[PDB]
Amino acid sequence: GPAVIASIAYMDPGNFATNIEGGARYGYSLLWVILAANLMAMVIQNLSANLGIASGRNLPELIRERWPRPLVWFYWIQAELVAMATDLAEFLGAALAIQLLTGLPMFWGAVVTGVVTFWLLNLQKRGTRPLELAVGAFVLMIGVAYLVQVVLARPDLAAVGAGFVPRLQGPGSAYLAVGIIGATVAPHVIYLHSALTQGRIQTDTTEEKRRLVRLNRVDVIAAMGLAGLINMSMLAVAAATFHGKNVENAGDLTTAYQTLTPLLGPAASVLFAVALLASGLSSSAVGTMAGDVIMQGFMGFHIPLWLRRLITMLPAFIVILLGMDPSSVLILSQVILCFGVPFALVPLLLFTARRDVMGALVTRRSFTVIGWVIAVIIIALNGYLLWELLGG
């Protein structure tokens, strides 16, 4: 199912870190963030998909051919920082799941992750098909587990209802709300989702274009709606499990399995870690593939795929060697990703409103306004958080 495959692709280790920590530390009060970020991602990914259908090119390619060279260089560098921050959460989340399963130190967990990710890149498309379905089964069923657990946990519905009213409770809640937006509105997909759509036309004609826009819109919203229900459920179960109970290391990903213990029993620790590992390995390989496509779109050339894989591993090993907490840096990476969202939105909103780019598929003037409002909101939230990190 198209809703199933995309919800699994969007459930990266960054979502696990932000949902568990969000519910455990702030209860249900951040449910409106997940709902809002999911609705924003619906509009943004629809524009990114409609850009590839109408133009036949991805967003990095259109920037390379239309904007002045120094601006293309700056946009390539910031998209490369998005690449490292995206891979940092996924590569480390897999290494963390290795520790949750085997007990190896985080350094060796990254070594095992590095060997698997290096080997996973050499595989062809026909060899990874059973693996893409395998990782999907693990992540999907864990998502359904939280959907069932959010009912069985009997959440305080008075607190659940109030959590959908936007309330930012200081700087700490703004830090985690920004991380949830970055974990939902993935800037790496903003550049990439155009490349998945480019060429999806069977044969060039306006009729086929409006057909694929119709199909993509239904599939994206259905998947996002499912991913949003799972994310809200995982945060709500984390709130019912830890919030207010003063549990040692609550919100951390090493104790997140306790959210599914009343449903899974002794299997909650293995099933959660296996899902965290599968979510980390698949998203780290896809992101590495996407980063290479993004560089070719911006610069017309790329570095060897093994070299890109080696460079993205360096921040993960350094964080491990520094003794930093894995769950905390996963959240930090999503916060940095949220600062890359407005940079990706500006060319997206500008290109999807041009006839020489979209042809007959120019975005409705209303949705262009909504897209700019989303950009101003995320800029304000990123500015609101970055303000209190300097004092205010």
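We number the residues from 1 along the sequence you see.
K.L.:
Higher mean Cα B-factor in the deposited model: 368-376 or 5-13?
P.N.:
The entry gives the higher C-alpha B-factor average to 5-13.
K.L.:
If you take the mean CA temperature factor per stretch, which one wins between 27-35 and 355-363?
P.N.:
In the deposited entry, the stretch with the higher C-alpha B-factor mean is 355-363.
K.L.:
Between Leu96, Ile230, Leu120, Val82, where does the Cα B-factor run highest in the record?
P.N.:
Of the options given, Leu120 has the highest CA B-factor in the PDB entry.
K.L.:
What's the residue among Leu92, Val218, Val178, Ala162 with the greatest CA temperature factor in the PDB record?
P.N.:
Across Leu92, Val218, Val178, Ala162, the entry lists the biggest C-alpha B-factor for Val218.
K.L.:
Ranked by Cα temperature factor within the chain, is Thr254 in the lowest third, the middle third or the highest third?
P.N.:
Middle third of the chain for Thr254's C-alpha B-factor.
K.L.:
Splitting the chain's C-alpha B-factors into thirds, which one does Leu235 fall into?
P.N.:
CA B-factor rank for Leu235: lowest third.
K.L.:
What third of its chain's C-alpha B-factors does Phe301 belong to: lowest, middle or highest?
P.N.:
Tercile = highest for this residue's CA B-factor.
K.L.:
C-alpha B factor of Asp292, ranked within the chain: lowest, middle or highest third?
P.N.:
Middle third, going by the recorded CA B-factors of the chain.
K.L.:
State the tercile, meaning the lowest, middle or highest third, of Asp156 with respect to the CA B-factors recorded for its chain.
P.N.:
As the PDB entry reports it, the C-alpha B-factor of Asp156 lands in the lowest third of its chain.
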